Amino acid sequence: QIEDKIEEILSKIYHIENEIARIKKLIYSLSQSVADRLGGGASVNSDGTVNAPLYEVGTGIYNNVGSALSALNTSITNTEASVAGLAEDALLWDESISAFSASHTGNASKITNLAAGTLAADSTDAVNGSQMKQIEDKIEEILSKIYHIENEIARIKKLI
């Protein structure tokens, strides 16, 4: 049973060598598939490791998934900060009062840098201070003409 024992040792060694060649190929296949699922140019190195992906987020490049996710989180944070800024400063429709509200930090506020509205019976343009001042000037002139009328009348009222 000695030459027989050698015969089978050589055959079992042959099966082991086949397993090793199959295992070596399983490892690079695994490695390749992982590189594929990472994307961003991840590839398999000559030594069997997965070379780093290159992920572009914003103006930066990230060599791992966590750093990219973090960068996306920060971008969304910054965009939310801009949105909250707009929301604090925008002249907004207020549903509770059915109107746009020029309230700011609890106070009625001005609107300024407003160009003059068309004055017509069907104009829906807002009007400004310059336009109302011209009306106020007309009114003051009307009152002076009236005071002149009251005096001219008074003179003839006594002179009779």
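For every residue, the number given is its place in the sequence shown, counted from 1.
Averaged over CA atoms, B-factors in the entry run higher in 15 to 23 than in the other of 139 to 147 and 15 to 23. Of the two segments, 130 to 138 and 107 to 115, the one listed with the higher mean B-factor is 130 to 138 (C-alpha atoms only).
The entry lists a Cα temperature factor for residue 93 that places it in the lowest third of the chain's modelled residues. In the deposited entry, the Cα temperature factor of residue 62 places it in the middle third of its chain's modelled residues.
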